[PDB]
Amino acid sequence: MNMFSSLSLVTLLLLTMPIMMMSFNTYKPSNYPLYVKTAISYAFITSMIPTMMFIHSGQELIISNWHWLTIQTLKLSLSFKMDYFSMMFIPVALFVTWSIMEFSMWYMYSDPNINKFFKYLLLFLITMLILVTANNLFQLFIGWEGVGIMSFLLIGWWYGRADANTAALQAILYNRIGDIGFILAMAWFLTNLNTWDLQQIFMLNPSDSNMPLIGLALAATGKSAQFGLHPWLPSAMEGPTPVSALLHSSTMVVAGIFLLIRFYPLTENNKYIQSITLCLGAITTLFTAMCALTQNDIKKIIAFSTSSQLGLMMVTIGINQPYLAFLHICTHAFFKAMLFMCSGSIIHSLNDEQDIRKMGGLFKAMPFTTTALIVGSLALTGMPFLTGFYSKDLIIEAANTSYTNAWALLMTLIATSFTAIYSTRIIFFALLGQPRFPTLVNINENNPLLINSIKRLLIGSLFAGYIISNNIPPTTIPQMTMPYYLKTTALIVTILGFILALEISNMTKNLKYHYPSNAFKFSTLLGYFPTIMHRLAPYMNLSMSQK
Amino acid sequence: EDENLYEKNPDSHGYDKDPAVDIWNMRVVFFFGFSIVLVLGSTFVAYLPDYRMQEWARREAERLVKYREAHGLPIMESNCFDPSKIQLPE
Amino acid sequence: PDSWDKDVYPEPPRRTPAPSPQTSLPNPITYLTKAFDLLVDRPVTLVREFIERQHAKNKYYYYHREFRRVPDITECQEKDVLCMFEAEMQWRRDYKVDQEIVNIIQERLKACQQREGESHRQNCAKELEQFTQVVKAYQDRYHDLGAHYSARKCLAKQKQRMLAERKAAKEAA
Amino acid sequence: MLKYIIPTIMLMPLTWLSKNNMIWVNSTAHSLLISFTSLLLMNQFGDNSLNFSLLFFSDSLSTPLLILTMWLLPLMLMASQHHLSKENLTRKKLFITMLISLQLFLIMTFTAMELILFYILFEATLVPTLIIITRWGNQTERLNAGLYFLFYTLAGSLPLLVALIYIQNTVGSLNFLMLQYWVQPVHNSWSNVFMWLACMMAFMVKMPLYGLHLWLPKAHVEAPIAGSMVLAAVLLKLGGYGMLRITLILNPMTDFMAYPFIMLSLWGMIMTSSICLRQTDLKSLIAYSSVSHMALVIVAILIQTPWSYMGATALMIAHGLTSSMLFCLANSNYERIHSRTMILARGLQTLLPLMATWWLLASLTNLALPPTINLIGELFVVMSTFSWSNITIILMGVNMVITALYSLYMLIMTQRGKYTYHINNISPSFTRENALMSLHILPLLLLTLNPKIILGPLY
Amino acid sequence: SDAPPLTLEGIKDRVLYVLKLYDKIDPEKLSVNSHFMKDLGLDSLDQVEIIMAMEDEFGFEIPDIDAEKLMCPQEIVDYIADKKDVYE
Amino acid sequence: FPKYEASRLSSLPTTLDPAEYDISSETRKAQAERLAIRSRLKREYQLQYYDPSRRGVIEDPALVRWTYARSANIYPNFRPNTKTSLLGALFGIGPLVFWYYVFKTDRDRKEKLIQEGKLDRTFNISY
Amino acid sequence: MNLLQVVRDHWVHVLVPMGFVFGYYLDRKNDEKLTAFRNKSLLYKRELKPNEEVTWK
Amino acid sequence: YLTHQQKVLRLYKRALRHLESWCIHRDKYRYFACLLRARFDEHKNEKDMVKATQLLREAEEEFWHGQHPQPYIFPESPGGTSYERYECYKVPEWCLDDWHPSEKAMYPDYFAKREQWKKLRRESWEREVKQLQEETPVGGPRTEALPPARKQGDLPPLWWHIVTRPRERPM
Ligand SMILES: C[C@H](CCC(=O)O)[C@H]1CC[C@H]2[C@@H]3[C@H](O)C[C@@H]4C[C@H](O)CC[C@]4(C)[C@H]3C[C@H](O)[C@]12C
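Chains as they are written, first to last, in the entry's author numbering: chain L, 1 to 547; chain g, 33 to 122; chain p, 1 to 173; chain M, 1 to 459; chain U, 1 to 88; chain m, 2 to 128; chain f, 1 to 57; chain n, 8 to 178.
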């Protein structure tokens with residue numbers, strides 16, 4: 001207890017100190033980025049010590065050190081919860097951020113506000129550990145809206161650009177629409193129960209909880225960019241690539257799922273919501289993946305890869321497998337961070353070019369980046385015994401062999417196939433074929449920082465899933481008996497996806513003209529949801545205002 | 033007429049065009065404003081002697097909750113005022 | 001915080017399994033535990049003793065205020081402000097105390113939920129049972145009075161309840 | 001209270017008798033000291049208010065509004081001395097006198113123990129307020145908007161007088177403490193309905209309620225910075241404070257006589273928040289923000305629940321510091337570009353780095369980022385109006401979504417983009433301007449560490 | 001961004017380098033002041049294709065209006081220097 | 002390949018604009034005329050923009066008009082205009098009436114249930 | 001440093017600090033007129049100590 | 008305007024780029040590019056201006072349904088990824104007039120040269136004012152062009168901002 005409670009809070013206080021030394025003191029400017037990187041370096045190791053204790057004996061804590069406010073029969077404390085989800089997630093988030101803080105030292109070396117950038121990266125991390133460790137809903141909101149702001153400030157890092165400012169406001173608008181659901185849950189629990197604490201919520205277990213769960217689900221629809229509120233996640237790639245890796249693909253976007261994983265005790269009983277979360281996830285994984293095929297910018301493709309996966313997490317929530325979705329979040333962070341970091345090497349070497357059409361022939365010019373770009377891409381699709389396999393495979397097994405919506409079961413598998421098609425398109429266009437980038441060649445990735453950062457997460461994309469899956473305590477009755485085809489449905493569609501993809505790539509070589517198909521145009525333009533909705537709604541609200 | 037205060041004085045704090053007054057005006061604002069009313073004002077509020085009896089109420093309820101639990105009386109009774117004293121109509 | 005009165009804030013006896021390591025590999029947590037005790041527990045514990053020794057050198061006391069019961073609003077003459085003021089301030093004190101009673105019975109219900117882990121739905125029936133009674137008593141005492149709640153309005157609500165409760169009893173017979 | 005009234009009076013002899021060059025230093029340094037001693041008003045007890053005399057008392061609802069009032073005077077002197085540097089000394093001293101006169105009436109207004117004494121001091125405030133806004137007001141544009149007073153006096157201040165006088169003849173006293181123990185139910189009646197409107201319309205206009213709000217944007221465009229700081233920070237709160245006190249003697253009529261007004265405020269939040277988006281002038285955008293925020297306070301007061309009253313008190317204090325901070329930031333630009341158009345100057349974060357930080361904090365608290373007291377107030381109002389009727393979460397939710405849009409749209413337009421090429425007079429921020437913002441946002445953020453002091457007498 | 005420095009001499013070489021590889025034109029006739037319409041005698045259409053090639057050599061679009069006004073290699077070189085601020 | 006069907010939020014491209022194809026002397030003069038006004042304004046602005054001694058704001062008269070026209074009070078409009086002013090009357094007191102019955106009925110239903118005990122408020126302690 | 005001309009400058013600074021003392025003193029003087037129920041309230045009524053004039057002042 | 012000569016040429020560049028996006032690979036683009044060139048040279052000799060216009064009418068209409076939904080855009084060009092990216096770092100030169108003298112000591116030589124440049128602008132302005140006045144056709148200039156200097160040691164009119172504009176990549 002002594003060690004568990006003390007070191008659970010050194011991590012949170014260890015991250016803040018770099019923030020504190022910015023406001024006061026003057027011991028070391030100029031070397032701030034490395035000072036920050038070490039804080040996360042140490043905060044990770046200190047965060048492992050409690051994790052080992054949790055594995056050994058399943059020890060779990062609640063720490064409510066400070067009494068802040070007592071609104072009559074409602075007492076608000078600074079309560080941290082160091083349980084199954086907090087203990088596993090924090091080292092994963094710190095480990096991923098560790099490399100990114102090192103990949104940013106290289107990707108953002110010239111930019112003169114490098115110190116300011118590292119201050120915002122750290123201030124996000126602080127508002128994310130607050131979100132995950134929070135024990136009461138009000139403290140959850142500080143993290144919920146804390147990340148929402150830090151997205152605005154980082155997405156619009158280059159504030160001269162007019163698209164950056166538009167993309168930042170778009171991030172706020174969709175999240176705050178989702179945060180209507182969060183307050184609705186907050187109001188319901190106080191009105192019908194009597195606390196924002198999670199402990200009392202689970203103890204009472206309301207039987208009729210349709211309204212609060214719709215509100216909670218609505219928060220996940222906006223925060224994690226599900227269908228209906230998804231356009232912001234693609235358009236949020238306007239920020240520096242380290243931002244897109246750390247925030248809008250590795251961690252922050254999971255908080256929408258993380259909110260539903262927190263409330264499994266209630267959602268397990270409520271079938272009516274399970275259908276909605278399943279249906280909500282089913283459409284988003286297909287739609288975004290369907291859009292991913294025809295995209296041409298490497299950041300945009302990997303952006304839709306995040307959304308398609310996130311929908312798979314939402315389906316896992318629906319099929320009543322909350323602990324798998326948590327595993328998918330942790331395994332997903334490693335290889336999706338590596339993808340973005342690798343795409344950062346290509347973009348930085350080709351002089352700020354994101355279009356894959358102008359990339360190619362890098363398979364030999366950038367060995368290290370190419371190796372990781374393969375390792376990461378294989379994890380996503382479902383290569384056996386890679387980090388992605390331990391999570392995605394089970395999710396497909398549990399979806400196939402469970403009482404579920406037929407269409408939702410089918411869409412998941414179709415989207416899993418599509419996950420194979422655009423896993424190759426990054427490889428085929430960016431790694432294979434003759435070069436297509438401008439003449440002057442400056443492709444150079446021989447830097448220790450970019451390499452060490454990529455090397456570390458490369459190991460995670462291999463062995464992290466195996467270690468995590470073995471150590472974590474059993475929590476459900478896994479299904480290991482099923483028809484052979486359902487058992488290997490995941491692998492077959494992944495294999496069938498590759499075959500169709502490679503054939504499509506080869507057809508691109510053949511000297512035959514291009515023919516426009518409505519299915520093709522719908523894919524490339526994102527279904528016209530961004531175009532119609534970002535034009536009709538802004539026009540109506542702004543125009544109605546004068547009347 | 034938009035006269036830049038910096039032109040005549042490159043160290044102006046903006047309070048006055050008179051350098052002697054200008055420096056003093058800053059010191060009272062920064063001293064009284066930050067040194068006294070915010071630093072000491074924060075310390076005063078921090079140690080306010082038990083604001084609106086919030087602390088005392090918790091001690092009182094603990095003493096009441098202990099007493100009523102042992103002696104068998106209910107923790108809280110529905111009727112706030114003893115029903116004997118009341119006299120309902122009719 | 002002399003020490004949380006065990007009756008008010010109870011905790012069941014602690015049953016911890018003894019270390020039973022079957023495997024031959026070293027256990028890091030045991031090593032770190034000793035390093036933590038030397039590096040953190042003791043140098044801190046020495047500091048608290050140095051502070052504690054000086055605290056006991058200068059010892060001064062503070063007391064918990066006692067309020068005599070005074071006639072309730074039920075004994076106050078209409079519009080007799082000096083009687084109502086005594087009755088009204090007393091009622092406000094009790095309204096405030098009864099709020100901290102609900103919190104205590106809430107704190108128990110939340111401690112039991114965490115302590116009993118995955119079996120909490122069974123091993124916290126008493127804590128849930130006590131919490132429902134205090135809530136019902138509180139609801140009948142103080143719910144719906146409004147922002148301008150007062151002893152006169154608390155009395156009027158009670159007198160309304162008793163009439164409907166009284167009337168109901170007759171209908172059964 | 002005399003410990004505060006007297007030293008505030010002695011500011012007038014201080015201003016007049018000071019060295020000609022040391023009026024600002026004396027008045028600011030001694031108006032700051034008065035505020036320091038105003039932290040003694042937090043000697044609050046759980047059961048009973050802090051009653052000093054037969055005339056003045058101080059409970060938890062007036063203590064913050066008093067501390068906010070006396071905190072603002074030294075700020076209003078720092079804000080105004082720059083644009084009063086041209087004009088002669090005797091005119092300079094009168095301006096400071098009007099501000100000292102306003103504080104003296106406001107400290108007596110929030111603490112008045114009798115409602116007529118409140119009413120008289122409630123209207124006496126307008127005398128200094130109108131002189132400041134019309135004599136030193138930057139605008140000689142000629143409005144003919146006195147009809148808004150003719151509407152106000154005929155429909156507001158006069159009925160409040162006849163009703164307050166009527167009530168004393170009936171109840172026998174207007175001492176607030178007495179009304180607590182002598183109040184009687186207000187039976188339904190066409191005569192009582194008129195008593196209810198008489199006692200509330202005067203305060204609804206000052207809030208202002210939707211439909212009666214059009215005076216506020218015009219007043220903010222005319223007023224100098226000092227006029228807007230006091231107007232947004234405090235004078236709007238006199239209506240809120242007035243309604244919190246006077247709803248004691250209006251029950252149970254408030255149950256059904258508040259439906260028409262809540263529908264104005266709830267729907268008013270969306271209408272004004274949307275109008276903010278299309279505004280072209282900063283001071284009008286900030287002025288319409290106030291109407292959107294005060295619309296919550298009107299709803300909170302009228303649903304009269306223990307949570308709403310805590311919500312309204314936090315919003316009133318939190319809104320006061322935030323909005324006056326925004327008015328000052330808008331004035332800092334106007335003191336440069338010399339225009340109130342928002343689009344004129346853009347990308348200002350390139351030329352004024354630190355000032356862009358103040359804009360960011362001011363915007364964050366306006367859009368209500370947790371755990372600021374701007375959200376502690378708003379959340380409580382949202383929680384209680386949910387119980388009043390679950391549907392209101394729809395209107396409350398939409399207002400949060402729009403509020404973030406003009407909050408940041410104001411940030412994006414003025415502080416982001418490409419700087420206007422031809423504007424070459426963006427001199428570096430003065431220490432006066434940075435100290436002025438820090439004295440709005442350091443206290444505002446520190447209140448989150450100890451939020452109980454601002455949560456009112458229902459805490 | 002490592003170091004992609006550009007200097008007038010280097011730019012001049014690259015522009016000519018691209019020009020020489022255009023089959024319609026001859027290597028030896030080409031010179032810095034070789035008006036495309038006259039000294040090398042090329043259609044106006046071919047003038048477009050030269051521009052599109054130059055964009056790819058340096059990877060930055062030349063606006064339609066300003067492309068027309070370019071009609072000799074020495075014009076192109078100085079245009080690049082202007083946009084990319086090549087001074088020495 | 003159907004032509005582009007223009008809409009308010011979907012402008013018709015210049016390339017497919019029917020008018021642009023045929024520009025006559027009348028059209029040529031107009032565009033030259035427009036350029037004439039545009040050219041003159043550019044000259045007036047550039048003199049002040051490039052003036053070494055200017056430290057200030059080149060007040061754009063067009064901007065001032067835009068702000069003045071937008072920020073209008075009562076100088077236009079006639080009170081009893083049925084086609085427009087009445088349409089304003091509906092959009093103003095219309096939504097307030099709708100939300101009245103939306104909130105009146107709901108609070109009526111809740112009160113009636115509470116007056117019958119049907120509504121469950123087992124832990125409803127904070128209001 | 002000469003007392004006069006040092007006093008011709010800063011004599012104005014005593015106005016507000018003195019005003020507080022005058023206000024505080026008068027606020028004490030007003031309690032005495034409300035000592036009707038001093039040590040007679042049901043809640044705090046008690047016997048006096050041997051050397052204490054009154055419960056409060 | 009731009010006359011039928013230019014208007015057609017622009018279509019060539021725009022149509023080519025979209026093709027280049029569609030075909031992706033260089034080889035297919037080159038071959039499909041030559042075919043495109045053929046269609047252009049086919050009617051290059053049409054001497055009927057009335058007919059020439061009609062070719063454009065259908066030509067553009069054909070393009071409208073050939074355009075790639077996402078055409079490649081140069082990163083630093085309007086609509087591209089890096090467009091306006093560095094405008095935050097571009098600080099206008101006049102901001103240096105407000106630097107504290109202690110700061111300006113850190114860069115003495117540069118600021119010394121700046122004084123030289125400022126003196127050049129001030130003296131040249133009066134001469135520059137005249138040159139536009141005399142050349143200006145009464146009734147307002149009809150075109151936005153400017154006249155180069157007509158004397159030795161005279162700078163072209165209105166040269167300060169074009170000369171001293173912020174660099175492309177200041178930081
Ligand atoms: C404590 C010391 C102050 C005394 C001094 O000026 O030397 C300051 C000076 C520079 C600081 C260091 C720099 O900030 C960065 C160093 C490198 C790594 O980031 C570890 C922390 C690191 C080792 C810091 C520890 C400490 O804060 C230092 C060492």
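C-beta: ideal position from N, C-alpha, C; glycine also.
Check: Name, please, each residue of chain p whose Cβ falls closer than 9 Å to the Cβ of residue 612(L).; Outcome: For residue 612(L) there is no data in the structure shown, the boundaries of chain L being 1 and 547.
Check: With 8 Å as the threshold, decide whether the Cβ of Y24(f) is near any Cβ in chain M.; Outcome: yes
Check: Is it buried or exposed for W56(f), if we count other Cβ within 10 angstroms and need 16 for buried?; Outcome: exposed
Check: Tell me which residue opens and which closes the alpha helix (DSSP H) that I283(L) is part of.; Outcome: 271–292
Check: Under 8 Å between C-beta atoms, does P242(L) make it to chain n?; Outcome: no
Check: Report yes or no: do three or more beta-carbon pairs, one from the segment 88–106 of chain M and one from the segment 140–153 of chain M, lie closer than 8 Å?; Outcome: no
Check: Go ahead and pull the three-state DSSP assignment for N175(M).; Outcome: strand
Check: Quick one: which chain g residues come within Cβ less than 7 Å of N425(M)?; Outcome: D34
Check: Just checking: is the beta-carbon of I75(m) within a distance shorter than 8 Å of some beta-carbon in chain p?; Outcome: no
Check: Of the choices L15(f), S41(f), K49(f), whose alpha-carbon is the least far from that of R69(p)?; Outcome: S41(f)
Check: I need the boundaries of the alpha helix (DSSP H) containing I426(M), first residue and last residue.; Outcome: Element bounds for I426(M): n/a, residue is neither H nor E.
Check: Would you say the beta carbon of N452(L) comes nearer than 7 Å to a heavy atom of ligand 1?; Outcome: no
Check: Distance, Cα to Cα, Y38(n) vs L23(n)?; Outcome: 12 Å
Check: Who are the near neighbours of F389(L) in its chain, counting only those whose CB is closer than 8 Å to its CB and skipping five residues on each side?; Outcome: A379, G382, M383, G465
Check: Spatial neighbours of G417(M) within its chain, please: C-beta separation below 7 Å, excluding the five flanking residues on both sides.; Outcome: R346, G347
Check: Cα separation between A226(M) and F52(M)?; Outcome: 31 Å
Check: By Cβ distance below 7 Å, which residues in the same chain neighbour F498(L) in space, the five residues on each side in sequence not counted?; Outcome: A420, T424
Check: With DSSP collapsed to three states, give me the class of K81(L).; Outcome: strand
Check: Kindly list the residues whose CB is nearer than 7 Å to the CB of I472(L), restricted to its own chain and excluding five residues on each side of it in sequence; keep chain order.; Outcome: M88
Check: Express the C-alpha separation of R262(L) and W388(M) in angstroms, rounding to a whole number.; Outcome: 29 Å
Check: Specify, as a first and last residue, the run of the alpha helix (DSSP H) that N65(L) falls within.; Outcome: Premise fails: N65(L) lies in the beta strand (DSSP E), 61–70, not in any alpha helix (DSSP H).
Check: Residues in its own chain within less than 8 Å of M201(M) by CB, not counting five upstream and five downstream?; Outcome: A155, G156, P159, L160
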